[PDB]
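Have a look at the structure below before the remarks.
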Amino acid sequence: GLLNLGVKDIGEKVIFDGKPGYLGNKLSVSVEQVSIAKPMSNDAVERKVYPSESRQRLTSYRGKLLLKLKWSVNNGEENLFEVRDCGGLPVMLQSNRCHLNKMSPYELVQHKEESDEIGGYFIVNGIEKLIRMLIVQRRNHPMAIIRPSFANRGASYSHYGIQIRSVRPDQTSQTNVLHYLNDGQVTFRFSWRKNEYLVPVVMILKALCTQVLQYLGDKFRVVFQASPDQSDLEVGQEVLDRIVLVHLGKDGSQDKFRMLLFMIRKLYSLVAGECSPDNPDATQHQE
Amino acid sequence: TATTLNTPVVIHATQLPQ
Amino acid sequence: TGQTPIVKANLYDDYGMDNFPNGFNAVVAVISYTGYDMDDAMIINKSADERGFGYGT
Amino acid sequence: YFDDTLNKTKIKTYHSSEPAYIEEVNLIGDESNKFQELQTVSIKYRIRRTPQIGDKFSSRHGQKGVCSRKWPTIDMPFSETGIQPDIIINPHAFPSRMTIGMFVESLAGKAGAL
Amino acid sequence: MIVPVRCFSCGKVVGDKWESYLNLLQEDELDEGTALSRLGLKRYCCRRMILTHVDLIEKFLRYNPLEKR
Amino acid sequence: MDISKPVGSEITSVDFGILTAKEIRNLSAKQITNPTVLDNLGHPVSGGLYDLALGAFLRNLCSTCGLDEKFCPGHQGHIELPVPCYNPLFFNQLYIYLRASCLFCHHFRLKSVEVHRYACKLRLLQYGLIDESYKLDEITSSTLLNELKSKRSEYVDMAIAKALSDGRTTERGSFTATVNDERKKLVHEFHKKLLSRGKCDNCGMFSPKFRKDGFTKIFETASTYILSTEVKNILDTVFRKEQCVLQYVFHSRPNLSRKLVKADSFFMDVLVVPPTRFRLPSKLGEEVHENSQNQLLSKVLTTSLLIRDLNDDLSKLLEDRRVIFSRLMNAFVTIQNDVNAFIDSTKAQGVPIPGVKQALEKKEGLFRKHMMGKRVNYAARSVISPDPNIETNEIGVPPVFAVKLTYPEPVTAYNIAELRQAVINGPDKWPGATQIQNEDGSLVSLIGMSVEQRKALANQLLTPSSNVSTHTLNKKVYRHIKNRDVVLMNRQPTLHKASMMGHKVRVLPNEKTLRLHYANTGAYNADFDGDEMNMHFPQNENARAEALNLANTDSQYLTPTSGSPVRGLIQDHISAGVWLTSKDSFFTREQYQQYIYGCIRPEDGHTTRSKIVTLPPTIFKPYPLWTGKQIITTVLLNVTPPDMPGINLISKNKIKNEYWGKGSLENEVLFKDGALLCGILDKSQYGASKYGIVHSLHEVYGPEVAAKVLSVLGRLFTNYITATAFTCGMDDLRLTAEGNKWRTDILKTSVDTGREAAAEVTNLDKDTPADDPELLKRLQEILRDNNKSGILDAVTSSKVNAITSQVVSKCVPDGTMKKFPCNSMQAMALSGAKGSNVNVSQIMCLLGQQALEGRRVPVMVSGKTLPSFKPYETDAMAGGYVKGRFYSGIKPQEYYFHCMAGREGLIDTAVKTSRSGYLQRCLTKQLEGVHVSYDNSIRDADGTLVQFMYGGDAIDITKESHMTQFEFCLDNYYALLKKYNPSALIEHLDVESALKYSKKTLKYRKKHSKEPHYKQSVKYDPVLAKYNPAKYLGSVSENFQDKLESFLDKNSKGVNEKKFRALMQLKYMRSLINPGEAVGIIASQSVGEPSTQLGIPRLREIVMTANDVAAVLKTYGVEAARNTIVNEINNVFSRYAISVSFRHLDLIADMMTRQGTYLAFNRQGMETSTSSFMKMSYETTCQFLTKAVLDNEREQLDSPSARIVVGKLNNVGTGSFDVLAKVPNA
Amino acid sequence: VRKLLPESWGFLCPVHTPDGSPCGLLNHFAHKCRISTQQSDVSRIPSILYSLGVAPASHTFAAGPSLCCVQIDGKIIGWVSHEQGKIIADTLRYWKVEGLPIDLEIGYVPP
RNA sequence: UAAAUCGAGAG
DNA sequence: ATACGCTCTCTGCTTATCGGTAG
DNA sequence: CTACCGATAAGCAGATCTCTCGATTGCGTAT
Ligand SMILES: [Zn+2]
Ligand SMILES: [Zn+2]
Ligand SMILES: [Zn+2]
C-alpha cells in the first residue's frame, strides 16, 4: 500500500546521549509496519461493530491502528520491537477496512444499511463527513509559469519561473521553483519545513553529480534536524535526496541532473519568448 | 416618584434671599 | 409520496434513482387565470393537497 | 430525572416551535465494564410539513416559486374531460427565461400518460 | 411510499388498482396503457397516478425492528 | 421609549479629552490588586477583577451602590500601575514630541522665533482668522527678536480683538471644514520641519537620535535602551518650557478652562477596569468562559505583582543586583507590552486575543454593528406572496404577526369603546390587547389570564388616578396591530430610499406570509420565489406620521433618479390590457356591468359618486353592446373626483400600426375629456413608463387618485383574466415552412462568413482556401497576441450579428405560424409584459454569437476552440455562433458555449451588487448631511454651503415630470387650475416685482448672446439669485422661461396666453424642493443604485480614487474641474442609457470640489470634516479618535452619523425645525 | 480562474456549478470521467520506445525545444526528432488501444 | 444565555 | 489524573538618500 | 563649503447587503 511506503520514507530519528569523540548509544528509532483492521469492539472475545450501530450510537466508526516500532541501539546491537496501538482511527464505509466491503445488497439490507448504500464518507461522532476532493497542479511536470508574484520576491526577480510539484511513490508532494533573475542567475527555491529557501541552480547541478555537498549540507544542517552523528556530506546528500525532485528519489542522481538541465533550458526558452506560460487555471495542467 | 413629570429639572434661586 | 418521472433520461435508471423518488407528476396548466402568480409564483390546487399532494415530513 | 444534588424531580422540556410527534427513542448504553446506568438517549421526532402557502416548488427546469394560494378546485379552470390542473404556472415566466424544455416536457408528459 | 387512495387531480379512487395493475402487467402480458385502460383509467390524471408509482413501502418493510434478521 | 416619560436635558455636544490619573483615583469605587478573577466555592475574590464594589455580580448586592443586579448600573474601578508606561494610542505623538528637542536646553531643536511664529499662526486659526495669519507671516542679533515676538503678539491680539468686537467670532472660536483644513496643513508642515532640525538652535549642541525598532521600546544611538520614566521626565520638561506653544497645537477652540497640557496624558499611570457588568462571563449551559478583557487585565495584574516584587527585592538591599536589574527591566518591558495588548491587539509580540481597540476598528465593531445599524424591537420578517385585493397601499399581515406585534395606545374618554373590548378579547382573540401599562408604569400582563378577570380589568381602564403625582398620565393598552395602523416595509438590500415604504396594514385571516400587491414589485425589486422582507411597526404617533405621509406608498410614485415612475402593473395585467382594450372586445350589458362593479365596489369608497354611473352602449342595434375602451372610460369616470373634468392625453404605445392591420391607428393612444377613444393600453400607458395615462392622472388629480386608479386597474384586469385566460403554447414558438426555409437559406450564407472575415483581418485575398498554410500561419501569429485576436474577434462578431439580424428580420414577424395578437409569445413580448425581441428571436430564430468579455470563445494553446473543431477552424460555427434555437434545440458544442456565457453572466451578476455597493456606502457616508436649507441653498450639517440653488433652479425631480409638458398642461388647463386654486394663493404672495425683473432680464438677455460667455457682463442677476422662487411668483429659471416663451411664440391659439403663463408659473412655484430634503442621500442613492446595471470602474476613477480631472484642474481651474467631473460622471451613465438627473451630478461635483481641489470620496476627503463621530463611525476609528482627542475636539453633533451615536434627533427633514405650542392663559 | 474553459471538455460538467460565490470553483465531474487511483506499469515502456528509436539521454548529446523530448512520469527518457515524435505518439496510441496499460495518458505537444 | 472559526444554503 | 505555561490588489502616507543654490 | 529643501525610490497601512442552519472550540508536563 502507501502507508507502509510513507513510513519507510520517514526513516529514523537518531538521538545520542552523552555518556562516555563518541556520543554513546545511537537509538535509531523508526516504524516499519503500519496497519489497520476492521472496527471491532470488546463487549472477552471481540465482536464486530457495524456502521448501523455507529450511526445509532452518535459515536465514530473507528478501528484500531497498529504501528510496530524499531527501537534499535548502536546501529543494530539490540533492536527491540513494539506493536503499539494508535487509538481509534475512523474508517470510511464500503472500503476494504470496513465491515461492509463485499456484502451483497441483500446482505446490506440484512445489516440495517440500505439496498445500495455507497461509502466514500467517514462517520465521526455520528455525523457523516466526507473529505472533499481538491484540484492541484499536475504531478511531475516542469511547467512554465509567468506570475507577477515572483517579481515581488525581492530585487532582481522576474515574474517568470519554472515550477514543478514532484510527488514521491508514497504520494506526498514537494514543490520546486526555478526563478529567473534579471542578472541572468537562476535560483532554485523550495520549502523544506515551512519557510522559503533559495539556492543557485549550478550548485545543485554539480552537487547531484563532495565539496558542494558539504557546502550545501552545512547550510541546511540545522533546519533538517540532522543528528550530530551524520556528517555534513551525509546531510548534504540527504538534502539532495529529500528536496530536489523527490519524484526521482534515491538512485536517481543522474536522472535528477538531466531533469534540472532540461528545466533550465525550458526556463531559458520561457524568458527568451520561444514558449508560452502554462495556465494553472486550465484543466490541461491539473490533477 | 420624583421624576420629570413631578419635579422641576433645575430649580435655581433668581437672587439672594429676601 | 414520490413518483417516477414520465419524462426521464436513460441515465435516470442506470443510477437507480427510482430507489429515491424526488417529486411527483402534476397536471401543469400554463395559464394566466388567478392573478396570484406573475413574477415566479405558482398556484396549487387546494383539493389536490387536501388529498395528499406534495405532502412530506 | 430525579436529581441527588437537590432531591427534587426535574423535567426537561421541548425547545422548538413546531409541535412534534415522538417518533422513536434510542437508549444508548456505554461500553464500559461497569454497570453504568443509562445516560444518553436519542429522541427522534417527526413534524408534518403539509405544503403551506409560501413553500418553494420547482420543476426540473429552474421555475422555482412559492405557492400564493391553495385555490379551491371548483374555482380552477377545468378541461372538457373534467380535470382541474393541480399546478398553474403563469405563462409570462417563459419568454425571458426561455425554458422551452418545460414546454416540450409537458407535451411529452401528456403523451406518455395517454 | 404506498399507493395513494385517490387520484390527486380529479378525485377518482385509485387506491385499489395497484395490485390489479401489477397483476395485469405480470399475470397477463400487457402494455402499461392496456392495463390502465382495462382498469377504467382514461383521463391522464388518473393514469399517471398508477403508471408511475414506485411503491417504496416494500423497501421500507425490510427494516423491521421487531423481527430477528 | 415611553412617551409618558419626558426627558428634559439634552446633550448639546461632546468633547474628546484625555482622562488623567488624579481624576481616576477620585472616582473609583475600588482599586483591584490580585490577578485572580474569583476563588473557589463560587464567590468572587474581594479585590479581584470582579467584586461586590465593581457592580452587582450574579446575585450579589453591589457594595458601591446597594442595589441588585438589575438596578446597579455598574461602577468603575482602577488598577494602580506601579510604573507609568506608554499609551499605545498616542505613541506616534509621544515619538514625534520625544524627538525634535534638545535634551539640554529643553526646547525644540528649532529656533524659538519659528516656534513662536507657528504658535501665533495656530492661535489665529483657533479663531478662524485664516487670512490674517497669512499676513502675520509677512513680518521681516538677539535683542531684536524679543521685539519681533512682541510685535507679532500685539498683531495677533489686536486682530483677535477686532474680530471679536466685529461680531465675527464669539468667545468659543470659529471652527469649520476649511479652517480645519488649513490648521491640519499648518500642523503637518510644523512637524515635518520640526524634525528637520538635527542640531539645536537655542544652544547648538548635538543630541542623540532616538530610534524605535517597534512599539514598547525606544533605542538611542550616538542601540542603547532608554527607560520610559526618562522619556516621561524629558517630555515633561519640554512641555513645561513650551506650554505656551503647545497650548495652540493641542487645541482648536479657545481653552476657556485654561488648563495646562502635560506629558502625563501621554503615559498610562493607571489602567481603568470597566464595571463588572461589561465583562460578565460567557455562559453556555455549563460552560463558563471568562472575558478576554478579564484575561488581559489578569495578565497585567500578574506583571504588576512580579515587577513590584522585583522592585521590593532591589529595595531590601553587585552580581545579584545585575541579574535583578535585568529581570526588572524585562518586567518593565513585559508589562508595557501587556498594556499595549490590553488596548491594541496588533502591536504586540508573540491569533492574539481581541483588544479594546479591536472592538471598534472595522465592521462588526461597536460602530458599524451596534451604533449605525442596530437590531430593532417590535419588528417581523417573512417571505412575500402576491395578493390582489390589496389596495397597493396596504400589506397583508398574517394572523401570527397580527397577534404578536402590538402598539401602546393610551386610553382616553373616546377610546374605551374599542380598547375595553380589546382587553375583553384577550391576547389571542384578534383584535385585542396583550398588556396594560398602568399609570405607575407597571406592565400588567394578560397572556396568562382568565377572560372573566380580563373583563373585570377592562371595567377599570379609564378610572381616575388616586395618585397626586400621576394625574397627568393614563393607562395604555398594547393593542394588536389593527387594520388602521401603518407598517414600514423594507426588503434588504435597500439600494434606494423607495425600497423602504410605509403601507397600511390589512389583517388577513389565513396564512403566515406577508401578502403584498403587485405594483410595488419594481419599487422593492422583489420577486416571489421565496424573497424575504421585513415589516417594522412604529410605536408612537410621531413615527406613524412619517410613514403615513412622508414615506407613504402614495408619496413614492416617481423615483428621484430621473423623476420617472417605477410603479404600474407588471405582467398579467399588461397583456390583459392589450386584449381588453382591443377593437374585438365587445361586452354585453351583464358582462360590462359585472366588470365595472367587479373593481369599483362603492361600499368602501372606490368611486366618488356613491352610486355607480354607466355609459351608453357603443352599438345600439341589434342588441346593446359595449367596448373595453368604454370599460376604461367608465372606470376612470367613476374613480375620478366629481366637479372636475376628465383627462386629455395624446401618446403612443410599443405596438406598431402594422400589427393591427392596414390603415390601423391603434398605435397612437388618445384620451379626450375622460374617455378612451383610441389606442390600446399597454406597458407604456400603465407600467414603468413616463407620460402615460396613470402618470397623467398622478400629475392632474394627485398621487392618491393615481393609487386608487392603480388598484382599480389591477382589480379589473384580474377579474377579466379570471373570466378569460391568456396562455402561451408550443405553436406560438413555431415558424411556417416559408419561415423555416428562409431561415435555412440565410443561415447557409453563414457558412463562409468565418473564412472571409479571417482573411479580411489578416489582410489576404478573400478567395483563399481554409487549408492554405499561409492563412493558418497568420491565424497562428494572431493566436498569441491578445489584440490581433481582438480585431479578429471584433470583425467576425459584427458579421455574425448582422446575419442574426437578417434572419430575425426576414423570419419574424412574417414567418411565424401564429401572428399577433394570436401569438401569445409575441403578444407578451411586443407589449412589454415580459421579454424582448431578442428573446423571441432566440426562441424562434437563433441564439447568435456568444460574448465572453467582448471577444469570442476562449481558445486552447493548440489553436482549437474545442476538441471537436480543427486547429484554427475557419468557420463561425467554431467561434461561438449558436445557430440553433431554443425551440429546435442546440448542438453539444453550442450547448457548451451557451454554458460558458451563462456562467459568465452568473459570475458578473454575483459581482455587481457587492462590488458597486461600497461606492454607494462611501457617497452616503459623505453626503449624509447635505440637505436643503431655508435659503434654498444646499449645505452640510455644520453649514459649509455646497450650492446656492439646487441644480440652479431648486426644482424637485419628483415634481419636474410635467413642468415642460406645455401641451398637456393646456389641454387639461381647467383641471390643473382647479387643483392649484390660486384664489387663496395670492393673499400672501407677491407677483408684480418678480415678473417685472424676469421681463427685464429676459429683454437684456435677448439684447445679448451675440458674443461668447466670458464677454457677457451680467449687469443683471437671474431672478432666482435675486428673488425667492417660493415667495415671489414668476421667479423662474432662464432655460425654463425661454422654452415656455418659445412654446407661446410658436403656438398662437377659454384660455388666453396670460392666464396660461400665470398657471404655469404658479405650478413652478409649487414644483420647488421643500426645505430639509436629504439631497445628499438622494443623490448618493441615485448615483449608486443605477450603477448596479468604462462602467463602475470608471466611477471609481472619478468618485473614489481621484477629460482627466487632474489636467483640467491644473490648467483651467476648479470650475473646469467641476464641469469635467459632471460630464464624465454623466456620459458613462449615458452609454448605459440610464437617465440621470443633473441635480444629482451637480451636487456630487459641488461637494467634491468644495475645497477648490479634487476631493475624492475616500478617507482622505473625509479627514476635512467638522464632526468627529462621523469619521470615527466611517473607518480607521483609531486614527480619527486620536486626532479628535489630541485637539480636544468638541463636535457639535450635527452630522446624521453623530446625532444617532449620542441619541438625539436628526438634522434633515422632520427634525430640521422645532415645534412650540401656543397657550391661552398668561 | 472562475471562467469555464474548453480544456474541461468532458471532465468538468459545464452546466453543473453552484450559483453565487462558489461559481466557477466548486465544479463537478462528468459522470463518465473516472479519476485514476493507482499506478500504471510503465517499466516496459522504454523497451518498446528504444525499438522505435528513442535515443537514451545518456548517449544522445541533445538539448532544447528544437528536438522532441520523450519523458515518462516526470523523468527524461530520450530525445528524438519531431516527425519521429508524431510517429511514435500515434503508434503508441495504436498499440495501447489495440505490456501497456489502459491508463497510459499520452501527451505529444507538437512544434 | 455567550462569542468566535470552518462549512452549507436563501434572496 | 490534573493544574499551570504557553506561499496572489488598490489607494494613499511616511522614511529615505541623492541632487541643486546661496551666503 | 555646508545646510536646507525637494524627489522620486522603496516600504508600509487600511480597505476592497440582510437571513437560516450545522459543527467545533488545546498540547503537554511535571508532578
Ligand atoms: Zn384522476
Ligand atoms: Zn452597584
Ligand atoms: Zn538646546
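Letters for chains follow the order of the C-alpha cells (A, B, ...), residue numbers begin at 1 for each chain, and ligand numbers begin at 1 in the order shown.
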* Enumerate as a count of residues only all residues of segment 173-218 of chain A assigned to helix (DSSP H, G or I) by DSSP on the backbone, naming them with the chain letters and numbers the document uses. => 16
* List all protein, DNA and RNA residues that have at least one atom no more than 7 Å from any atom of ligand 3, counting only C-alpha atoms (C1' of nucleotides) and all ligand atoms, and write them as a ChimeraX atom specification. => /F:102-107,109,200-205
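Going from atom CA of residue 44 of chain F over to atom CA of residue 306 of chain F, you cover 22.6 Å.
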* To do: Name each residue within 12 Å of ligand 2, counting only C-alpha atoms (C1' of nucleotides) and all ligand atoms, as a PyMOL selection string.
  => chain F and resi 29-30+50-57+59-77+275-277
Give me a file of those residues, with C-alpha atoms, as a PDB file, in the first residue's frame.
ATOM      1  CA  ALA F  29     -15.110  52.632  43.837  1.00  0.00           C
ATOM      2  CA  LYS F  30     -12.109  50.355  44.455  1.00  0.00           C
ATOM      3  CA  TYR F  50     -14.903  41.065  39.894  1.00  0.00           C
ATOM      4  CA  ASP F  51     -16.014  42.408  43.264  1.00  0.00           C
ATOM      5  CA  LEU F  52     -19.103  43.487  45.144  1.00  0.00           C
ATOM      6  CA  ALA F  53     -17.997  47.099  44.682  1.00  0.00           C
ATOM      7  CA  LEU F  54     -17.442  46.963  40.906  1.00  0.00           C
ATOM      8  CA  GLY F  55     -21.101  46.195  40.270  1.00  0.00           C
ATOM      9  CA  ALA F  56     -23.570  43.597  41.493  1.00  0.00           C
ATOM     10  CA  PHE F  57     -22.405  40.213  40.229  1.00  0.00           C
ATOM     11  CA  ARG F  59     -26.940  37.542  42.804  1.00  0.00           C
ATOM     12  CA  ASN F  60     -24.618  39.640  44.955  1.00  0.00           C
ATOM     13  CA  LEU F  61     -25.809  43.066  46.086  1.00  0.00           C
ATOM     14  CA  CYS F  62     -23.309  45.655  44.887  1.00  0.00           C
ATOM     15  CA  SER F  63     -21.287  47.182  47.712  1.00  0.00           C
ATOM     16  CA  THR F  64     -20.765  50.524  45.957  1.00  0.00           C
ATOM     17  CA  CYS F  65     -24.452  51.324  45.435  1.00  0.00           C
ATOM     18  CA  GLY F  66     -26.509  48.814  47.426  1.00  0.00           C
ATOM     19  CA  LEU F  67     -28.811  47.712  44.595  1.00  0.00           C
ATOM     20  CA  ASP F  68     -29.454  44.403  42.877  1.00  0.00           C
ATOM     21  CA  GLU F  69     -28.028  43.097  39.596  1.00  0.00           C
ATOM     22  CA  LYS F  70     -30.706  44.849  37.536  1.00  0.00           C
ATOM     23  CA  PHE F  71     -30.682  48.140  39.453  1.00  0.00           C
ATOM     24  CA  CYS F  72     -26.898  48.510  39.712  1.00  0.00           C
ATOM     25  CA  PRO F  73     -25.598  50.454  36.687  1.00  0.00           C
ATOM     26  CA  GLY F  74     -22.092  49.265  37.428  1.00  0.00           C
ATOM     27  CA  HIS F  75     -19.217  51.247  38.886  1.00  0.00           C
ATOM     28  CA  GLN F  76     -15.723  51.862  37.602  1.00  0.00           C
ATOM     29  CA  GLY F  77     -12.537  50.693  39.282  1.00  0.00           C
ATOM     30  CA  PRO F 275     -17.755  47.808  35.733  1.00  0.00           C
ATOM     31  CA  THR F 276     -18.205  44.074  36.109  1.00  0.00           C
ATOM     32  CA  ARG F 277     -21.412  44.431  34.081  1.00  0.00           C
TER      33      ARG F 277
END
How close does each residue of chain D get to ligand 1, giving the shortest atom pair and distance in Å to one decimal for every residue with an atom at most 12 Å away, counting only C-alpha atoms and all ligand atoms, sorted by chain and residue number, as a tab-separated table?
residue	atom	partner	partner_atom_place_in_ligand_line	distance
D:81	CA	ligand 1	1 (Zn)	10.3
D:82	CA	ligand 1	1 (Zn)	9.3
D:83	CA	ligand 1	1 (Zn)	7.1
D:84	CA	ligand 1	1 (Zn)	9.3
D:85	CA	ligand 1	1 (Zn)	10.1
D:86	CA	ligand 1	1 (Zn)	10.7
D:113	CA	ligand 1	1 (Zn)	11.3
Contacts of chain C with chain F up to 12 Å, shortest pair per row, only C-alpha atoms, as a Markdown table:
| residue | atom | partner | partner_atom | distance |
| --- | --- | --- | --- | --- |
| C:29 | CA | F:727 | CA | 8.7 |
| C:30 | CA | F:727 | CA | 5.9 |
| C:31 | CA | F:727 | CA | 4.7 |
| C:32 | CA | F:726 | CA | 5.2 |
| C:33 | CA | F:722 | CA | 4.8 |
| C:34 | CA | F:722 | CA | 5.6 |
| C:35 | CA | F:718 | CA | 5.7 |
| C:36 | CA | F:386 | CA | 5.8 |
| C:37 | CA | F:386 | CA | 7.0 |
| C:38 | CA | F:571 | CA | 6.0 |
| C:39 | CA | F:527 | CA | 5.8 |
| C:40 | CA | F:529 | CA | 5.7 |
| C:41 | CA | F:528 | CA | 5.6 |
| C:42 | CA | F:528 | CA | 9.2 |
| C:43 | CA | F:386 | CA | 10.9 |
* If you count only C-alpha atoms (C1' of nucleotides), which residues fall within 12 Å of residue 30 of chain J, apart from same-chain ones fewer than 5 positions away, as JSON, numbers by chain? -> {"I": [1, 2, 3, 4, 5]}
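Every protein, DNA or RNA residue with an atom at most 12 Å from residue 17 of chain I, where only C-alpha atoms (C1' of nucleotides) count and chain neighbours fewer than 6 positions away do not, is listed here: residues 7, 8, 9 and 10 of chain J.
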